[PDB]
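Q: One structure, pasted below without further comment.
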Amino acid sequence: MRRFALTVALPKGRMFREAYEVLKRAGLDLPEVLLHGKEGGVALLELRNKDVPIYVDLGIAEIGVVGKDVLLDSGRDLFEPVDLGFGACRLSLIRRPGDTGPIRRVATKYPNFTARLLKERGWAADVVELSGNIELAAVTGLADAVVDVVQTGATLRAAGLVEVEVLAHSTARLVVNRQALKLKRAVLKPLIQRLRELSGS
């Protein structure tokens with residue numbers, strides 16, 4: 001945003017605090033906390049993890065913190081200079097263990113990632129997008145399998161499902177608008193370097 005020196009898009013939820021605190025440790029005078037900030041200062045946007053890429057890609061926010069799972073499903077071109085380490089989880093192919101029939105339909109909230117994965121494997125299967133509680137699509141028979149994010153597996157186990165295969169690993173990532181990187185290099189270059197020193201698995 002033109003009214004702020006820098007506008008930061010953060011994901012509300014489990015990864016918010018670690019994202020906020022590491023950016024602060026990296027030298028960003030973030031404001032106290034959905035839009036926070038004073039004219040000419042550093043601003044903060046409390047967004048849904050899934051919306052972060054859009055604000056950064058469009059340049060509204062020069063940088064943002066977003067889960068790799070979301071980036072893997074984003075049809076946008078984002079620069080991902082730092083793996084922040086926290087927010088660990090994974091995208092997996094999940095099915096009812098008793099259901100070993102051919103996979104003709106897959107339910108997911110990651111339609112792009114799923115379609116890409118199916119094509120890479122030369123498979124043709126319908127992809128049905130759902131908003132939440134993806135495991136129910138498998139339990140009810142809506143789909144033969146689902147592609148969803150897993151942490152401990154408590155939810156899928158409680159629903160009587162199993163992870164047939166781990167497809168991708170995810171953690172919080174720092175994304176930066178490429179145009180902003182060039183025009184605000186003096187601030188963003190050192191920030192990126194510092195965040196790397198402050199990040200591990």
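Chain labels run A, B, ... following the order of the structure tokens; each chain numbers its residues from 1, and ligands are numbered from 1 in the order shown.
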As number ranges by chain, which residues of segment 9-200 of chain A does DSSP assign to alpha helix (DSSP H)?
A: A: 16-25, 52-57, 68-72, 111-120, 135-139, 154-158, 178-183, 185-197
Q: Can you tell me, as number ranges by chain, what residues are no more than 8 Å from residue 150 of chain A when counting only C-alpha atoms, ignoring any on the same chain fewer than 5 positions away?
A: A: 89-92
Q: Excluding same-chain residues fewer than 3 positions from residue 103 of chain A, what lies within 10 Å of it counting only C-alpha atoms, as an MDAnalysis selection string?
A: chainID A and resid 95 99:100 106 123:126 143:146
Q: Can you list, as number ranges by chain, every protein, DNA or RNA residue that comes within 8 Å of segment 7-12 of chain A when you count only C-alpha atoms, leaving out same-chain residues fewer than 4 positions away?
A: A: 1, 16, 19-20, 42-49, 52, 55-56, 60-66
Q: Which residues are near residue 108 of chain A? Cut-off 6 Å, only C-alpha atoms, ignore same chain within fewer than 2 positions. Put them as JSON, numbers by chain.
A: {"A": [110, 129, 130, 146, 147]}
